[PDB]
Amino acid sequence: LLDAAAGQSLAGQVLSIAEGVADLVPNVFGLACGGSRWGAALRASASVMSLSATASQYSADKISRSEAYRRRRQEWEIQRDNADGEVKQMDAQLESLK
Amino acid sequence: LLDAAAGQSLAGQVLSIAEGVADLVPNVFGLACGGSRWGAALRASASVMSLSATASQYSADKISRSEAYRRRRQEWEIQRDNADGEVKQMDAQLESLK
Amino acid sequence: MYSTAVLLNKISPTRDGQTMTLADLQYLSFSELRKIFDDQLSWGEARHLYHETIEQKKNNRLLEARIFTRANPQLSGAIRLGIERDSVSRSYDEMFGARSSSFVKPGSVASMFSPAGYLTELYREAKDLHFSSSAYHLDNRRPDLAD
Amino acid sequence: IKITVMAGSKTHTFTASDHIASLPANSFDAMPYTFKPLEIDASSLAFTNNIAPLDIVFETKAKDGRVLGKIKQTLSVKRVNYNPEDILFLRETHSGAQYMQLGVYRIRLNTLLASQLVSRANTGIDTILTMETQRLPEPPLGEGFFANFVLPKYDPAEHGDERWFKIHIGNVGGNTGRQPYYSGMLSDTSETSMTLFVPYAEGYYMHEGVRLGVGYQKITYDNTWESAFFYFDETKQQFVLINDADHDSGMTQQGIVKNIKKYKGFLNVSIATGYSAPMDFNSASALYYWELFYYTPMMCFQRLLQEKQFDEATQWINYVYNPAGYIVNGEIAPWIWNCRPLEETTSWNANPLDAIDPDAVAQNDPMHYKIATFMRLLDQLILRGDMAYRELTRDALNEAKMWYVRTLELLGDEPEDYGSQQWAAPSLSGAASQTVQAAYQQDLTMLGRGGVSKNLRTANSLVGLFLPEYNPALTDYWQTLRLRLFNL
Amino acid sequence: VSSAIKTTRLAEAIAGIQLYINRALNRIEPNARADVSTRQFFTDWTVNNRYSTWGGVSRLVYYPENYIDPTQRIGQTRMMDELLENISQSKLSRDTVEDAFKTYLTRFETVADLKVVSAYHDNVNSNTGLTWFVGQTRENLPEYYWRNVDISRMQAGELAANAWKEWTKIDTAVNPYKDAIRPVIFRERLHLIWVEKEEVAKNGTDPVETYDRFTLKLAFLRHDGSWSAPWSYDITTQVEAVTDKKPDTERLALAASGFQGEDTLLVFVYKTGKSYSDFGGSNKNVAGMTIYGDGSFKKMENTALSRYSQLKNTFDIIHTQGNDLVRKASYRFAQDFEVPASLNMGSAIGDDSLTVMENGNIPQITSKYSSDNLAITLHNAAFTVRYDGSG
Amino acid sequence: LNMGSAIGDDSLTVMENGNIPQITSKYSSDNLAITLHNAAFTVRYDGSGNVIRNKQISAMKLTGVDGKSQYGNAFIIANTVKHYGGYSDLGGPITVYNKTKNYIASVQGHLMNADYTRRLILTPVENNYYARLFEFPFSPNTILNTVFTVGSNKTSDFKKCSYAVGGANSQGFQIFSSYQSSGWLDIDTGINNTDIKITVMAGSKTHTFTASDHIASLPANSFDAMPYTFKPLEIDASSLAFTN
Amino acid sequence: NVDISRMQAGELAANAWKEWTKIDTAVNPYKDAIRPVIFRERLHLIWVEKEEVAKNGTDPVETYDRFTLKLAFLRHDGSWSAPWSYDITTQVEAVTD
Amino acid sequence: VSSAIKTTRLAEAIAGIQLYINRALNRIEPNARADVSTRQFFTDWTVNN
Amino acid sequence: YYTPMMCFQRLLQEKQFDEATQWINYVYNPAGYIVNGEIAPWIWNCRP
């Protein structure tokens, strides 16, 4: 799901750029004309920067939790190995006891 | 509450699309006419992508915290079993002592 | 774009006076089929016969599975209330007798999934990996395997 | 050194003597040959379904006779066809049904089930996942009528060596010949009854009306007045069966005709009046239908089971299967499985073995979904008993026994091994024999269409084949129940 | 080996044959039959080389129920994946599952209530190939989906359910005029083409006159499933011409056809009628555009317009018996027959591993149907012979 | 209006797909007219799943020795049947006695051995060959689902014979398989068209429509599905008790 | 909503009533022209909206009121759909003179 | 069962009737009355068992 | 070259041995490569 979130964040960069291009076209006509949003392109480039940062943060969280699960498994393996040694030690004590 | 947050994030997608449709219609009239927001539809599609990403992150947190509680309970089960063995072991030691 | 009946006719007979059937080509790869029948078949015809053979192979496998699934003695069974015997199931039993009901426990040599079954499949396909002229032929280096 | 092409019956050959642009340097290293443009008269190609093959061969042989290299290839030539009766078009009836038509055949494209689910959802979801909702009718695909056909029991004397049957359609469009319309298999125990939809348009039916006849091979009932004839009566404004019996005079598409004979092959043919067909679990909407009525309840059952919500899980799995039946209108329903495609065993996947997919196999034979659902119910019962067993109280132990006994009563008595001791041990080469494999596959292919068993019994000494194996998961259920009852 | 290790005769035979197969397939022992080593059994050697994995794939056909998972399945709908996420917690109330199911029903209604609006068949005839559809939602929102079906599977008008494909949502901000949106395939990938109508006025006129501007848009599906930024073209002159300056009272119609032989996209704009005459000259009811591989366009003249007249049988028409609209699927265009533009022969090994034939191909294949005979020309057919053994 | 389905007597027959697709109204003058269009339902011989379903219907479905049909005849069948003994549990001889033609139809699932001689034996003891009251050899030795032509009226003898035995040898005795009988039920499969009726009540008035008069097309007379579709039912609803 | 079939002699039990539920769909009706309605077996909300518009290309610029009818329905999960819109200006001017 | 396990007369009667109800509702014993098996007690058998 | 190798290493690091083999076979396979139903003459499937 976190990987999907990062992909969805990046999926809006193309649309944001297209919006800036579209809003550069004048939109009022007659004997009062104009209406272009001059900074529409600049806002679009600022938006793709924000989406890039958001996608990076989602991707970093995905990897961070993944490696946390891996180190958690490594601790479980040591616990398993300790318990296996416990059984072997006690089976040898049975030989001593008898 | 996290599940509610994810649902609310997705609940704004329909409204975002409708806003882009509504703002495509020209809004100034007379002998100087126009006023359509050309990139309104493109912005709406970009917005739902962002809302989709936010909902995905909220859902991921809900599931991650839920499984954390489950692994926490599994550790409690091992602790309970260890304590049960302690009592049984010490009751066997009492027979040896007497 | 071809007719499988005509293509089988173009290769018939299969050295035994019979109309070469699709089941007889189980059996050999597309490269084998193109090489052995390089004279009678074009590239498109070889592809058509190979594809039709595989589809016949899959359908026969499904038909056997359909019969065995309903003939399983384990499902009698409150689930037997919703099990119906097909007409093809009765025709199979008239031909093969008690075969459809001769289930074996896992771990028996007679099972189709037993190590003996795996060994049969390995031997069937690896038998012809070398020509009979070669000392590397399976039946030459180890003549005991065939018996 | 020649290039040869085959276009139907004509064969063109181009050799290095005549059609070489520039000969390459004569050496042991790479010798690239490039040819002049090859002009091919492709006018005798066998066009089957508007496509024809072109065979091209590159061959170079030394004077030894060795093939220095041979490459075979086939080219596909496709004929453009924009004839109106061969062009796909889309229509939408006033009832809301969308269908795509290619000549005679019409295929439904959409679904209208969503509107009828709203009223069901006004009550609980118990009303949505019912047999009644799964049998809801769909509007017809444009103008036409529904006709009921009944076919006889299989009779080798009348039908022939094989039990299959084909139904053909007659005077539609401009084609007067037989077009395939439906296919199936005769039953050896009872009759087979079907309801087909025949399309209609103004001027669409030819002289005497449409034909619907049945063929069997060794006979094909499409002589004069042998197929069923239908026409649309402009006066009564309804469809009429022309030849339900012998008639010295009757009205048809082209006015009155004289000698009308009853149809042959069918036991009975009639017109279903006001009939609407229930929704098809093999249509273009089959994926969404299966998810709504089977896949979703089983997913909710599994998740609740994994969280030990046993009572809530039972409610969800009872939407598809319940051994105690289903209460509809205050009565026990006659059907065994509440999921309609399972009760009717509706296949909706024609190529399950194209890839390794257990679900695809189960979609081809929904019988496996019956077993899978049945085993899931056994899993819940055993888990219920195990948790009750662990509470250690007398009431808990009695509850555990109840669950285990109910599980054992659903399974029944486990069977013995029947085929192991009668199995003759073959040699390794005998089991891998190609003749044994081919003989068995021949019987399976014949069985897939016919059922011929001349010299019925297969002479038990004629077997080196392996035998089916019991399901290890089911035998584990019996093994578990035996151990639990022993300890109790 | 030491005498301590034990085995069985069948187990040892399996081990021996497995070793022999590995040596033969990996070219370790010479004179291995290259034709036999390509059997389906040896292609799947990654799972047939072990008794455990071989048994797994063989039992799947007979006992698939041992591998069915009610939570994952090949083909699971996105809405089903959403439902699984909503009940992935550990505390599942009865009401919580009901609420999650109601969310699933909301998605189900949206997809179920789709209605097909246009179709494209990716072949020169209706005998083989895939038919692509575009759907529209009942809700008052410009949401569009797409799917396809393989009709080469068809037998007597019946189609297996697996021949169909899931509805997939288009996320690219499409706002088409009326129902003028349809799919098309060229450059071997799915494209979406539609027209949009906006209200504009001419600048510098004292009587301010507003007019409708018609824009043709074209976008394609990218490798990861996203949609590209659309190309836009002005087709106002063509729209007014074919509708007799009455776009409101007539039905503007759009048709797109892929001319793969020339790597071009043919776009037609026409007035919906009952029948259509040939294109160009006296017929002003049909206008056309040619879109090239890089997005440029060339408005069609009368000479080029007449070249595609037979495509009129794929246009939408009005039924004579009652004014019922009958849409028709557009088709890929070819002159008279479609023949592939090239064929690569590949390579082949000569006798005794002494010679090899290399780099065989026919770069150009053309067609010519004059009178009633078809001529096929193979240009620059070539191959190379060389003395070489395959390693 | 969707009627639904219903289970018949003795779990022998079922009624399916009953509904009225269209219902119209008309208030002309001061009387209300209700029309039920295309009312239909189907009757089919099918048990809801038991021994009665699989093996007794299939016994009746067999073609008679006089030639096919057997539908519309009277039968006597066992209420509950169970496997009792024998070498193996085959499908088990499930015998049905045809009263109107004096036939005995037996049904099996599998046979033990093709070469060994097999016949039918009906005996009230099971292990006593010399207590039998019926015995018929199989017309082919390798066949199930046949009919045997008792010849006389021996219903009383048939009711005496429990323990239907299908092994039936004298190579010793050699009981291959046998089944129990429990109780006995009498059924007639003949249907009268005047008894297939739809009846409606509107206050004090009662309308009755049977298959004899108001049927559009009569269905094929067979053991399988028989769908009846009626002509439009015109109902005079002017005596309804309108409460609130 | 309330179930009035429960009514006995004009008295209504409290459980026959239903909780107030908030509508979240951006409704801006003109005056009090908003009401519920049931068709297709689900709750719909229908209302009219008033906007101030002028006719293009007229030297005396004349403003007029534009009336739009909106219709939305409650979906399965409790959300509201995008409203259908129709122009009813001619009907409004006719009936209100 | 072994002689080690104990019970009471009422407890054994409850266990016996529960076993009979399960067999009757699940179509394991023939001639079960389908009309009686739809009583409110048996519909709520998920909590009355 | 670089992308199939990267996928091989990641699958190998996660012990997905069968999937890793499929990716590394895009560049090297000792058993050859099937092209047009025949074993290809080249030893390495990566052209450079």
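This text goes with the structure placed above it.
One structure accompanies this document, and this report is about it. (Residues numbered from 1 in each chain as written, not as in the entry; some residues may be left out. Chains lettered and ligands numbered in written order. Part of a larger assembly, values for the part shown. Heavy atoms only, no water.)

**Brief notes about the overall build of chain F**
Link 1 in the chain: Within chain F one finds 2 helices and 20 strands.
Link 2 in the chain: Here the C-alpha radius of gyration of chain F, 24 Å, is well above what a compact globule of 244 residues would show, namely 18 Å.
Link 3 in the chain: For chain F, the spread of C-alpha atoms along the principal axes amounts to about 85 × 35 × 30 Å.
Link 4 in the chain: Counting across all 244 residues of chain F, residues that qualify as buried make up 44%.
Link 5 in the chain: Expressed as a percentage of contacts within chain F between residues at least 6 apart in sequence, the contacts between residues at least 24 apart total 62%.
Link 6 in the chain: Taken as a whole, chain F presents about 11700 Å² of accessible surface, with 49% of it coming from carbon and sulfur.
Link 7 in the chain: The averaged location of the 18 negative side-chain charges in chain F is 5 Å from the averaged location of its 18 positive side-chain charges. (Helix = DSSP H or I, 4+ residues; strand = E, 2+ residues; numbered from the N terminus. Rg over C-alpha atoms; globule rule 2.2 N^0.38 Å. Buried < 20%, exposed > 50% of the residue type's maximum accessible area, 1.4 Å probe, protein only. Contact = heavy atoms within 4.5 Å. Areas by Shrake-Rupley, 256 points an atom, 1.4 Å probe, with all protein chains shown as cover. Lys, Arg positive; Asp, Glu negative; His and termini not counted. Charge placed at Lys NZ, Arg CZ, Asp CG, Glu CD.)

**So, the side chain of D:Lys370**
Link 1 in the chain: In this fold, D:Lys370 is placed in helix α7 (residues 367-389).
Link 2 in the chain: An unpaired buried charge is present at D:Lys370: no salt bridge exists, and D:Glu343, the closest side chain of opposite charge, is 5.6 Å distant.
Link 3 in the chain: In this structure D:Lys370 touches C:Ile79, C:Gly82, D:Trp337, D:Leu342 and D:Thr345, once residues within four positions along its chain are discounted. (Salt bridge = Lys/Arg side-chain N within 4 Å of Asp/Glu carboxyl O.)

**Here we look at the interface of chain C and chain F**
Link 1 in the chain: On the chain F side, the residues contacting the 5 residues of chain C number 5 residues.
Link 2 in the chain: Between chain C and chain F, the buried area comes to about 300 Å², and carbon and sulfur atoms account for 37% of it.
Link 3 in the chain: Its largest share of buried area at the contact with chain F, chain C owes to C:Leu81, C:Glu84 and C:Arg85, together 70% of the area lost on that side.
Link 4 in the chain: Across the chain C-chain F interface, the total number found is 0 salt bridges.
Link 5 in the chain: For the interface between chain C and chain F, the tally reads 0 residue pairs in polar contact.
Link 6 in the chain: Partitioning the side of chain C that touches chain F into residue classes produces 1 nonpolar, 1 polar and 3 charged. (Buried area = accessible area lost by both parts, 1.4 Å probe. Polar contact = N/O pair within 3.5 Å; in protein donor to acceptor, adjacent residues only side chain to side chain. Nonpolar A, V, L, I, M, F, W, Y, C, P; charged D, E, K, R; others polar.)

**Regarding the pattern of salt bridges**
Link 1 in the chain: Following the criterion strictly, the structure yields 94 salt bridges over all chains and no others.
Link 2 in the chain: Of the charged contacts in the structure, one is a salt bridge between E:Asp179 and E:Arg251, with a shortest N-O distance of 3.2 Å. Taken together, the residues span a long stretch of sequence, with E:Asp179 in the loop between β4 (168-169) and β5 (181-186) and E:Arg251 in the loop between α7 (236-242) and β9 (252-259) at a distance of 72 residues. An identical accessibility class is assigned to E:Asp179 and E:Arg251; each is buried.
Link 3 in the chain: Among the charged side chains, a salt-bridge network with shared partners connects C:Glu32, C:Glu125, C:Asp128, E:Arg33, E:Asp35 and E:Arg39.

**What to know about the sheet that holds strand β12 (residues 146-147) of chain F**
All names here are of chain F.
Link 1 in the chain: The antiparallel open sheet is built from 5 strands, whose spatial order is β12-β9-β8-β6-β15. In this open sheet, the two strands that pair with only one neighbour each are β12 and β15 (184-188).
Link 2 in the chain: Where strand β6 (residues 74-78) lies against β15, 5 bridges are found, and the strand directions are antiparallel. Within β15, the residue paired with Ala74 across the bridge is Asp188.
Link 3 in the chain: In the packing of helix α1 (residues 51-60) onto the sheet, contacts are made with β6, β8 (96-98), β9 (103-106) and β15, and the angle to β6 comes to roughly 155 degrees. (Pairing = 2+ DSSP bridges. Axes fitted to C-alpha atoms, helices over the stretch in contact; angles between N-to-C directions.)

**Some details on helix α8 (residues 394-411) of chain D**
All names here are of chain D.
Link 1 in the chain: In this model α8 runs 26 Å from its N-terminal to its C-terminal C-alpha over 18 residues, within 8% of the 26 Å that 1.5 Å per residue would give.
Link 2 in the chain: Restricting attention to buried positions, one finds in α8 the residues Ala396, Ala400, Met402, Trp403, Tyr404, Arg406, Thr407, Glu409, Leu410 and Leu411.
Link 3 in the chain: Once α8 finishes, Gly412 follows within two positions and takes phi at roughly 90 degrees, a positive value. (Expected span 1.5 Å × (residues − 1).)

**Structural notes on the sheet that holds strand β3 (residues 63-73) of chain G**
By way of backbone hydrogen bonds, the strands of a sheet pair with one another, either parallel or antiparallel.
All names here are of chain G.
Link 1 in the chain: In spatial order, the strands read β1-β2-β3-β4; together these 4 strands make up an open sheet with antiparallel pairing. On the outer flanks of this sheet lie β1 (34-39) and β4 (84-87), each paired with one strand and no other. The sheet shows a mean angle of 30 degrees between the axes of neighbouring strands, direction not considered.

**Looking at empty space enclosed by the protein**
Link 1 in the chain: Enumeration over the complete set of coordinates arrives at 16 cavities of 30 Å³ or more.
Link 2 in the chain: Size it by volume and the largest cavity reaches roughly 170 Å³.
Link 3 in the chain: Taken together, 16 residues make up the lining of the largest cavity; nearest its centre are B:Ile17, B:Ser45, E:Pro142, E:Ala173 and E:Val174.
Link 4 in the chain: Those elements giving two or more residues to the lining of the largest cavity turn out to be α2 (13-23) and α3 (40-97) of chain B. (1 Å grid on protein atoms, 1.4 Å probe; cavity = no way out; pocket = protein on both sides within 12 Å on 5 of 7 lines; lining within 4 Å. Points joined across faces, edges and corners; volume = space filled by probe spheres on them.)

**A word on the arrangement of the chains**
Link 1 in the chain: Most contacts, when the 18 pairs of chains in contact are compared, are made between chains D and E.
Link 2 in the chain: The two units chain A and chain G never meet; even their closest C-alpha atoms stay 9 Å apart.

**A closer look at the packing of aromatic side chains**
Link 1 in the chain: Under the criterion given, the structure shown has 88 aromatic pairs over all chains.
Link 2 in the chain: Seen in terms of ring centroids, E:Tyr308 and E:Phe333 are 5.1 Å apart; in terms of plane orientation they differ by 85 degrees. Their pairing is edge-to-face. Here E:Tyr308 is found in the loop between α8 (302-305) and β13 (317-318), whereas its partner E:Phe333 is found in the loop between β15 (330-331) and β16 (337-338), with 25 residues between them in sequence. Here E:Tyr308 matches E:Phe333 in class, with each residue buried.
Link 3 in the chain: Members of the aromatic cluster, each reached through a chain of ring pairs, are D:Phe281, D:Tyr289, D:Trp290, D:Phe293, D:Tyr294, D:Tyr295, D:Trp348 and D:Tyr369. (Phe/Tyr/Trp six-rings, centres within 6.5 Å; stacked < 30°, edge-to-face > 60°.)

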